[PDB]
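One chain is shown next in structure tokens, namely the form deposited in one PDB entry.
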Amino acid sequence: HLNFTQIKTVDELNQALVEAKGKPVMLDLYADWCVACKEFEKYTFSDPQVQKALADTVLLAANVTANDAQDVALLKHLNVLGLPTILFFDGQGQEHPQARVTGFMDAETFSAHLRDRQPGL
């Protein structure tokens, strides 16, 4: 398993971004009712080469299972329309929307995505 730091709100994300100055960041958004999110955890975040590739990346995640007010505010703020979504931030805490992942990617596909599109590295 990869070690994700849980964030709940917009400003916990922002703070995490500020604290991560100089490092690449990755924000995974999941929910318990999300089938493809679990696929990601089981078949992709579990890959030995995927994990190596994220070794130096700050790992954040938001559990939006409850779809409460803070969850919805976070999703809006990030313009996230469905799950799974993964967002990527460079070393200045800026997002690179062109690196978003918005469906399941298998290990080989996600490796290639990180190699070809991951920011801040």
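We number the residues from 1 along the sequence you see.
Beyond what is shown, the protein has a form solved in complex with a partner chain; the following relates to that form.
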Ok, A107, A99, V10, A20: which has a heavy atom sitting within 4.5 Å of its partner chain in the deposited bound form?
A99
Consider the chain as shown here, without its partner, and state which of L78, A53, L59, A36 has a heavy atom within 4.5 Å of its partner chain in the deposited bound form.
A36
Distance check, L83 to its partner chain in the deposited bound form, heavy atom within 4.5 Å:
yes
Please determine whether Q49 contacts its partner chain in the deposited bound form, using a 4.5 Å cut-off between heavy atoms.
no
With a 4.5 Å heavy atom cut-off, would you call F45 a contact of its partner chain in the deposited bound form?
no
Residue contact check: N67 to its partner chain in the deposited bound form, 4.5 Å heavy atom:
yes
